[PDB]
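A short write-up of the structure that comes next.
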Amino acid sequence: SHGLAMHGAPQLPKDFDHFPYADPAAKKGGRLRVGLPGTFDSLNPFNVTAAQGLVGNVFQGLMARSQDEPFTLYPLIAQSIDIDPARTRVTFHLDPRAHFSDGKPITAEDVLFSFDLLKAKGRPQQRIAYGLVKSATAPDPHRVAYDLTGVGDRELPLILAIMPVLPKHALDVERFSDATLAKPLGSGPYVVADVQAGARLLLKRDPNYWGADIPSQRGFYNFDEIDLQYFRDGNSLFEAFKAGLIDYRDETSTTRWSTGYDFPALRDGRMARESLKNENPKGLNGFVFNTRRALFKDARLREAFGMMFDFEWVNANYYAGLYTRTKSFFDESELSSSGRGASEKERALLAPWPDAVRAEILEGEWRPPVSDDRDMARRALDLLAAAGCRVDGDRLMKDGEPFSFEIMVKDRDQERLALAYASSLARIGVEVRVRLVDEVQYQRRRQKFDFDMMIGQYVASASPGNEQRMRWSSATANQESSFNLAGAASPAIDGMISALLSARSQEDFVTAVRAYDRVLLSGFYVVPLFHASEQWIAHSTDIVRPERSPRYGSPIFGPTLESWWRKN
């Protein structure tokens with residue numbers, strides 16, 4: 001009634017004082033200088049280039065998400081909830097203390113206005129989700145009742161709970177679809193104090209922020225001002241940090257992390273760098289096979305081709321040895337099947353699908369092959385022979401023709417990865433053309449699935465949900481512009497997605513995701529690439545953070561460092 005976990009029970013007691021990764025002793029005051037790459041031209045993050053830093057700081061949901069749990073929400077604008085275990089209904093009881101930053105009280109009328117507006121004009125999956133609601137009503141000005149009878153979507157109440165609450169009295173609905181630089185009205189701890197398009201967004205504390213002493217807010221929002229500055233590209237952003245004009249940065253360049261942090265402020269203690277890790281799952285990016293095309297229809301051939309990617313060579317030659325191989329769609333986490341034998345409960349979930357999981361993966365013995373290479377080439381050729389492909393002279397033959405294909409790439413980093421892979425595949429007689437295509441052609445060809453192989457992303461989450469259908473369901477395998485780049489269309493994938501979507505307890509959810517991981521991996525739809533096991537950050541020593549960081553989420557801290565504060 002005062003907490004909502006996607007699976008299982010909320011881990012904080014009803015009377016918790018603060019989120020465990022917030023420090024209530026955090027000091028108030030000072031200006032945080034944040035630096036971001038790129039540009040912006042809008043202060044509306046909810047239409048379909050908006051400035052960052054507005055969600056949370058300005059625009060608030062009904063409930064606040066604790067990043068210390070996979071997916072659990074706690075009271076914010078809604079002080080409590082009424083929900084049944086089957087999730088056919090949810091009513092939000094609004095906090096009568098809540099008001100927008102002009103002092104206007106938040107009422108059910110604002111929530112229904114926001115629901116209607118976002119259902120019509122929001123992001124695509126948001127429109128679909130809100131469209132599932134049977135009715136949205138206000139039995140009184142402090143209650144919002146959502147009818148979900150017949151939907152069967154256990155995620156929908158939490159999606160409704162994180163909808164931003166927008167001011168009916170102050171939002172022009174006809175302007176919603178435009179790029180707007182007018183200072184927007186919200187209810188959060190900060191107001192928009194100054195904006196210079198493409199240059200800076202200045203946030204200043206609302207001294208009368210309604211929720212400053214709400215439990216889910218205590219210890220957060222300590223800076224009096226947050227200045228979000230936008231920079232051309234990475235080098236000028238990095239130079240501003242070295243000059244002391246920017247207080248914090250995330251590092252994503254292996255070259256810069258490896259050799260660029262030898263400047264004086266780093267050595268004399270004015271700034272520091274750190275690697276941080278939490279329990280958020282990692283992965284997965286990879287070379288994607290287009291299994292719609294005859295040359296990649298056999299999972300045995302896809303597995304064999306995957307054996308030839310030499311990660312150790314690329315890691316040492318391009319990335320200063322800083323990355324680690326991705327081994328799972330939910331890698332380095334409790335959701336991973338990697339190195340874990342399937343449980344009896346997993347095997348029961350998989351029972352209707354006896355062909356779906358390879359024994360090597362079912363028993364937790366499988367990993368993407370590690371190179372030191374005749375043994376690896378020999379393993380690949382033996383598998384290929386079983387798939388009916390044999391090397392004639394210097395060429396691998398399939399259906400009487402030499403095997404050849406194209407890897408479509410979009411930038412130089414991808415091209416170097418693909419060229420390394422092409423060189424390895426040449427050793428088993430496979431001709432691989434690597435073609436760098438411009439942005440417009442790349443996007444069009446990705447949307448139409450006009451490729452043999454390309455590099456794709458399937459970002460892991462600590463609470464996988466309906467987005468898995470977009471990436472892997474049979475229904476989206478042949479739908480233009482979908483995320484299902486490989487064209488996977490497997491009843492066992494669809495069945496495991498259904499099982500993870502219907503799991504109720506956290507233990508049954510973990511079981512289903514592990515089994516789902518095994519089915520995805522056993523299809524060899526992708527050649528997994530690699531990830532950083534830790535987040536690389538650097539910061540001024542004049543700002544500090546709580547001793548305990550959140551267990552989940554990536555990046556670990558928000559762009560405006562809501563839990564940090566200025567040292568006294």
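Residues: numbered from 1 along the sequence shown.
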Step-by-step side-chain hydrogen bond (donor to acceptor under 3.5 Å, both in side chains) determination, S474 to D494 | CA-CA 7 Å; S474 298; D494 294 353; 2.9 Å; yes
Does the structure place the NZ or CZ of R273 under 6.0 Å from the centre of the six-membered ring of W257, at an angle of no more than 45° from the ring's axis?
yes
Mark yes or no for whether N208, through its side chain, and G103, through its backbone, hold a donor-acceptor pair below 3.5 Å. no
CZ of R97 to CD1 of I106, rounded to nearest 0.5 Å, is 12.0 Å
Should the ring pair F40 and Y230 be called parallel, tilted or perpendicular, given that the plane angle runs from 0 to 90° and is split at 30 and 60?
tilted
* Asked: Between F509 and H7, how do the two ring planes meet: parallel, tilted or perpendicular, split at 30° and 60°?
  -> parallel
Would you say that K410 contacts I455 through its side chain, given a criterion of any heavy-atom pair below 4.5 Å between the two side chains? no
Side chains of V34 and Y248 in contact at under 4.5 Å (non-hydrogen atoms): no
Sorted by chain and residue number, the ring pair (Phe, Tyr, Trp, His ring centres under 6.0 Å) partners of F176 (sequence neighbours excluded) come out as none
### Message
For the residue pair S554 / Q535, report whether a side-chain donor-acceptor contact shorter than 3.5 Å exists.
### Response
no
Nearest heavy-atom approach of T107 to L94 is C-CD1, 3.5 Å
Paired with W565, the side-chain contact (heavy atoms from CB on, under 4.5 Å) test is passed by just one of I543, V544, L32, namely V544
Less than 4.5 Å apart, side chain to side chain, heavy atoms only: is that true for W210 and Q217?
no
> Between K277 (side chain) and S533 (backbone), is there a donor-acceptor pair under 3.5 Å?
Replying inline: yes
query: Any side-chain heavy atom of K204 within less than 4.5 Å of one from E225?
result: yes
- prompt: Does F238 have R256 sitting over its ring (NZ/CZ under 6.0 Å from centre, angle to axis within 45°)?
  reply: yes
Looking only at side chains, do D178 and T180 share a donor and an acceptor under 3.5 Å apart?
no
Review point. So, for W472 and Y458, is the gap between ring centers shorter than 6.0 Å?
Key: yes
Which class fits the ring pair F451 and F449: parallel under 30°, tilted 30 to 60°, perpendicular over 60°?
perpendicular
query = Should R89 and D147 count as an ion pair when the cut-off is N to O under 4.0 Å?
reply = yes
The complete set of salt bridge (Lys or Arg N to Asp or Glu O under 4.0 Å) pairs with one or both residues in residues 109-134, sequence neighbours excluded, reads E109-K168
